[PDB]
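As written, the chains take the letters A, B, C, D, E, F, G, H, I and J, and residue 1 is the first residue of each chain.
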Amino acid sequence: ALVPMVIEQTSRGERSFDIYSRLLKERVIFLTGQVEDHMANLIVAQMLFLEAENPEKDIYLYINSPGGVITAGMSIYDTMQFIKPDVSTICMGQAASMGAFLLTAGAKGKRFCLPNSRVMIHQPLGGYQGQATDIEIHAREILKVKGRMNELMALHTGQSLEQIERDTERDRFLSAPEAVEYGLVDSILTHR
Amino acid sequence: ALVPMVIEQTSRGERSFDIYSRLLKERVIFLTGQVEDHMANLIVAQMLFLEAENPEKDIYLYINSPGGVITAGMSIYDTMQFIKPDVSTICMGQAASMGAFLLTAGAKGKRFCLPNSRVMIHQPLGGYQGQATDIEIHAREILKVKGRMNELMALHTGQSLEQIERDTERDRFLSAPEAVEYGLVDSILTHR
Amino acid sequence: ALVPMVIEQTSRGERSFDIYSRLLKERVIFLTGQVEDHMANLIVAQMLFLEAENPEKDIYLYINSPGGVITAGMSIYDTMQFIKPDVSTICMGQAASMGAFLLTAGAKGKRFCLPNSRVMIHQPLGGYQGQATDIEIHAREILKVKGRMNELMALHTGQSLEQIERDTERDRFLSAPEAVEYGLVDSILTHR
Amino acid sequence: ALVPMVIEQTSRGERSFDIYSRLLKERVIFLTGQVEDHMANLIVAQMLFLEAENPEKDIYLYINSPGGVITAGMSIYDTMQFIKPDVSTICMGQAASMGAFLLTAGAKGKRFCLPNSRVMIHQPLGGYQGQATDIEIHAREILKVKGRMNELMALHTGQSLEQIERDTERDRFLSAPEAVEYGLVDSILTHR
Amino acid sequence: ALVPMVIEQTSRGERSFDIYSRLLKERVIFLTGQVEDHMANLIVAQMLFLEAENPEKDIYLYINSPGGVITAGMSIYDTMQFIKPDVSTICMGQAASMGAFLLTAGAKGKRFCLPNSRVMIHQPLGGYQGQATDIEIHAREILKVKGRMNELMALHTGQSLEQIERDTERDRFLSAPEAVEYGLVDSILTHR
Amino acid sequence: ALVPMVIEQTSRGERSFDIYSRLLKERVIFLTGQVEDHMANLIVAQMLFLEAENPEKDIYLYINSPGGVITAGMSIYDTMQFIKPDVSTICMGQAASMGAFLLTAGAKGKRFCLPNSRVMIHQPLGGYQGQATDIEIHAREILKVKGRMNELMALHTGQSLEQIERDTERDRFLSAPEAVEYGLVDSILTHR
Amino acid sequence: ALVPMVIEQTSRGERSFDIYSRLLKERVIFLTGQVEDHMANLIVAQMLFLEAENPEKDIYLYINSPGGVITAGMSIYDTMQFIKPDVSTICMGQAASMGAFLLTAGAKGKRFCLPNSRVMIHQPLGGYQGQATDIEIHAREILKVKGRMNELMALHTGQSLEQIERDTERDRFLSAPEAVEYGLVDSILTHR
Amino acid sequence: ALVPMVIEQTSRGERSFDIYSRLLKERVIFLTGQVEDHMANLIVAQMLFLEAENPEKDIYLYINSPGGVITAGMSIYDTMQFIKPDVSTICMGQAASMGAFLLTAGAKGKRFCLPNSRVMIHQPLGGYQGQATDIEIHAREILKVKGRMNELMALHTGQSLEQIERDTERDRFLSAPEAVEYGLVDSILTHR
Amino acid sequence: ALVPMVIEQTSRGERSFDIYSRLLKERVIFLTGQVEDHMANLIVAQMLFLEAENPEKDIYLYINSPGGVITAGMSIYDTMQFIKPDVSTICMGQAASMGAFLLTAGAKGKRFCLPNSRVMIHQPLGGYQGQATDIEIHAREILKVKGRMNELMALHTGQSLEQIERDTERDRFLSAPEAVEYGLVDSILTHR
Amino acid sequence: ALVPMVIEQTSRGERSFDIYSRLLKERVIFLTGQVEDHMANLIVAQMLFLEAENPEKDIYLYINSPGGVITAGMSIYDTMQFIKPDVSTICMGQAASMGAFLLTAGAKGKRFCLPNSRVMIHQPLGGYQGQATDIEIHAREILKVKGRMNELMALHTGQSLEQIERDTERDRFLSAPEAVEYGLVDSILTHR
């Protein structure tokens, strides 16, 4: 009973679904915790599934995540951009790092954060040990990602690239009103 | 059988439900143990689920918790202030730290506490290792959270901000009657 | 197969149930092992559930427990006092520490234990590391709890407070007949 | 697949039951491995359940156990004496220590032991760390328990108390025929 | 509830399938995380299952994988070539090492990567401790595998063998458009 | 030099002794850290050595010790009470448990304590695991030791035995002035 | 060797003393690292040794220490007040906590810190696990120590007691010039 | 020979010293490995010892160190400025962080660096866990240290303060010729 | 007795030394194990010591080493080039990485290698974890070291720079005759 | 007293040496335990030392060793062939692997083995983890060593090379008489 069951009436009413499944039916997906490969493969399966169910309706993605693996986050990032319905991203708790990256990637005009949430952005982390030759290859690889991460942030936020580049050198924390002013999100949901 | 099943008669009367699901059906949610992200996400899912089922009825949140991660707790904090129905919080066992924070956040007039329960409040904890430049950023980040947390306590309790500021400097323990006098809760439930 | 299934024929069928759920239907709740938050949280859910099923019938709480967390135990303690039906507590095996505390808290005249059980009572344990100022705060709080527990023992047993004060300074073991004389229980069950 | 399912025809259909439940249905309870609180708690639940189904029919307890916690074992011991139907105990494999204790506690004339099973008896073990004053308290309690166990052995076996006192000083192993002569069991089952 | 359930209507409408099974039904298989034997064993089973279901309907293989065991991966590789329907491989997130190897092994004209995927290729890793005679055996064994992998990459990508050998000497990262030019994939998916 | 060397002029002046040996010549012995067997064996050796050098001259024992094992402590205790010259004990830092006991054991009129030094007394600790029979034996011995330790405290401090028994029930801390009026020491040293 | 030997000319010149012993010969006692019992024994032994060599001449104590055990530090604290020679104290690197306490305890007018030395002061830390009765005792003792420590710094620094209590509430860092104004030290050494 | 013995001729020639001690006589001190309290205390002792031997003659400090504790390095830093003879620092191997700071602290005109030696500079590292109030205290202190450290390098290198701040935000590696141009060192030693 | 003592006669004949010190007298330095900071610091001290003893006479360095940390080895490297007397390096056992580098750094014409000794050369290893900006700084530095190391071997071996870069790409093993042809050493020693 | 001292007379006779140093004086070197680099260098130092003492007189190497690192052992192998005096080798206990290799390397006619000793010969062990390309390099590297070791034993034993290769594929154990016939040693020592 870690995850409670809920009952929903239909016709017969013979429906019992874990609360997570019940909300998926309402087109709500939760992205929480570290972004990794197995988790960011379920978010994708759910988005593809909802797109097919009704291509014309919004998908609500709740984000509460400290960050994670860029690669894993990119499969989510690309799926959101690829599919037809708008994905509306809602920040609760925190959206940090890769989490912030996905938050701003939601549909324009539909990106929003609950008022006491926190969004944090910062250049990607990584590392590599080996021969100087391999170090160069891997260093080049992370810088290309950093550059790519910066272009996409500028695209989605409206900040110039030069500005977005400066602002991510060191962890930058933004309060919900700051995320709005900056352009990571469009608004703050306050009351329903 | 860690969690027993209960049987409820309806029209057909065939449904059995983990006792926790049986209580979710009555709009009762239990918050126990440490506040973390996965737990909080589940509580938020339950609140969104109940809001959808019937926006006009109160949700009862039973709290028995030592505290936890602020960020995670804030996702509960904001959901409670977002969803349409009032959330009535009840403190049993303990409501410490973030647990107390959420307890006072319940709907005004509906914040209750059982008579032998304890409520404890205290400024946020945290920490960080890194370069002096990063230390400053993170230190600034925790102080803003503290300040924001102080503002919300004053809002929900009716205490002046200066008074909240002083009272959370060090752990402060309040007995149920003290929680009432202080304004963390509205009243004590005693006997049915 | 850790918990065997049982079946019962009622109206139209068998309804198998984990033996633990079969007994919940008879208004029997077991409290065993350490008293902690998750366990306690579940017992409270069971008591609230039974209270609703039939507010006019007794709930039997079987106790076989070495003790546990006071806070968690108080959650149970207050629910038993709050809910309308009497809770009849039965001690089997042992009721030590917080377990003994809950045993005596049952409805008067309905508190009983099996002949070879043991009941053990003692003042609360705890501790703290930190600055002398915090030590002072935490020490003061545990003493308030000790005082609070001492009053509740005296209330439920009929002993004077000073007598409880003396008796719990060091672990005190009571055989079932001594628990009866002391006033922790009303009687000893022997044979049906 | 650790535990197989078995299918038995009843009346209007047939039912698939975990083999362990299939045997509970025949009033057979298996006590194996160490005696502890959770397992003991489950055996007690099973005995109460069987007592209610048919108070006039014997319950068979199969014992194959190295021993365990006395307190937990006493809750089993007391339930066996309390409930109306005879509890017939059968020793297979081994009944050592507390297991032996429960074996002899079965209904007189119905305590059986398989031919190659071994029964072992010995005074209780325990220990304690602390101040000399606390040591003194705990030492007395274990001695009272020892005395109490000695009294019950003598009662159930027919041995004088002095003889039990001597025979449990150190581990004493008995072969099935020795258990019969000693009075731990009434007879040996051989072939059907 | 780690993996949500989805409900689909049919005739009667009684279909509740784990979301990954719901996708298997649409001819979609997900390869994520490390390539190992149990994973590979399951993918092969799924492909054979789909091949039989309808031998003339593409199978979509979603790849998000850092690499893994070559031996295990070759069972996927061989099954994909053996079975009649085309397997269309889609790279999301990443396809590194063995993952890249399988990505390029999809049906010609049907291999593609989402815009931000990374594909990484590199010669086989391995090792072995033992006597110089055994080292010699195992070293030859890994070199043959390297040679074999090099031939298959050249076959599928259209690169000459000499070129493909030079390019895998050290880890080589390719961006989605680079993978297209190189020939690891045929195209990039963009938007619905 | 973990331990510095010092030099002194005698006849020819070729005397270079570890500072600890230099002080041994002044009939100064340090007892610090916990009292176990090896440190006790060395103090005893030093005392026997000094007694032989000049039976008519006092030995100074500096105590700074949190405790000990008693048995080791008794070899020191008995040596001090055997050797002819007075052993004058000085408490610096702390004398607790075994340290306090030996401090009071110094020659009457010569037990000194530095002014910010702290002295602590408490009944002996111990413990034992085994059969109830052995538990009794070991409990019996610790109690005899406690009693023996209580008699010696009363003998050396001038307190009645009953008063000593009450005061060692729980850790009792004494400031240097308290030790003086209590009788653990005769006086406080101030300045040369 | 890890500590250099130095040669000094005297009469014959046949003196090769470890450099730390060479400095002890100049009445320099180097105190460093954390203060504990064993390191206190050496500081004290050295202090007694130098006092004997020339009761009229100053002893220089170099302090570079993060803190330590209050008790051990007090044996040093008292030795310095008892012995006749003034003890001059020099803070280099840092004097924190117990280290700061000892720094200020040097002879008035002879307490000083090198220019970039840091001094830190704060109320004592400690803790205790046990029964509420014992917790109270131990809490009572740490508070007495705190009070005693507050009085001694007020004595040595010239600050009012009320001011010391306010300042040591939380860690207070002082730059070397701040230590001078505060009164922890008398001056800053600059150049020879 | 962890450290070989060397022989010098003098008067009699009866001098044998661990090479480390031999070089100390030539006024050569080595600083290697990380800077900590014990190694700092030993260097300071050597500097004080050499200053006394001949206040007018230079001391050579060989640095090969990756960094270390600032506080400890400051004990060295201040001794070098306090004592009368110039301390000439020579960088070999590497000098980084605290090592780099100290080599620049050598006497002007005497700061040398071997040609393949590397020098690295960066802002101070640190961290802290605790209450937001304490985090604030500690964060301010590290920033003060950073500020103080930047002033001292600007003083010793001749760079403006703003330039030093710009250059230490992130690690800066300097080759020996770069250290000379920057001003960390005066010149490069080449060949005898 | 890990290291034997040997004796030798000079004047009175009273000379006994650790065999390792006996060898410094013959101007033999033994550099073994991995080159780290402490062993490098000691070799440098020995070279400086021998240079002072007789600036005109050769120093023999026996190399038997699997590698090192480079920085430490560069301090050895620079000392060898700085001091006036030729350093003749002899390779026995192995000279890998830093060992090989130092082997080529010996005085031209005096670099010898025993016939069954092996020499191994490779590009430097290293690595970093952290932000992409820091990865870039550290990657840039290891490549500069690689480049610097390549230049120095070309200088000492006579190989073109382009050839050194090709050869050190991957571990290159050379037998003693190969080292001679390549130019790492000048000749192979055979028999006295 | 791990290693005893022995006394010997000369002229003055004031000579006391660690028994192992006493044995170098008789030109005896022991080689025991695993061959690694630190002991190998110590053996080499001893051999060079004895060669210098008397180039015309034999050195006795006692071998009792399970084997070791080939590289380290080859530095002994070469020193033995390089230095002028014959090195006689005696096998006691065992000479396995590298130990056997060195045993046979002794001067012809002077390779002796005690009668109950065992000699074991076998091909080199080793291994490597990495890219197939590096595996190939390291595999070739070990085979060259295998070939090289095989040639040297054929040289020293008189066996054909083909025979040595066959006999070292698997561990080959020889008794002392077998070692003599095989040619690993020249003879067996029996009694003085």
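Throughout what follows, contacts are C-beta pairs under 8 Å (C-beta built on N, C-alpha and C of every residue); 3 or more make two chains touch, one makes a residue touch a chain.
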Which of C-G and H-I has more C-beta pairs touching across its chains
H-I
Matching I-J on over half of contact pairs, by residue number: which of B-H, C-G or A-E?
A-E
Calculate how many whole Å lie between the centre of chain A and the centre of chain B, each centre taken as the average of the chain's C-alpha atoms.
26
Taking the mean of the C-alpha atoms as each chain's centre, how many Å separate chain D from chain F?
54
Using Cα averages as centroids, what's the distance between chain D and chain J in whole Å?
68
So how far apart, in whole Å, are chain C and chain J when each is placed at the average of its C-alpha atoms?
76
Counting only residues that touch at least 2 other chains, which ones in chain I make the list?
3, 19-20, 133, 138
Once bound in the complex, which stretches of chain C touch chain B?
2-3, 15, 17-21, 24-25, 37-38, 40-42, 44-46, 48-49, 51, 55, 71-72, 74-75, 77-79, 81-84, 133-134, 137-138, 141, 144, 148, 152
Within the complex, which stretch of chain C touches chain D?
1-7, 14, 16, 19-20, 22-23, 30, 32-33, 62, 64-66, 92-94, 114-118, 170-173, 175, 189-192
What residues of chain B sit close enough to touch chain H in their complex?
122-133, 135-136, 139, 142-143, 145-146, 169
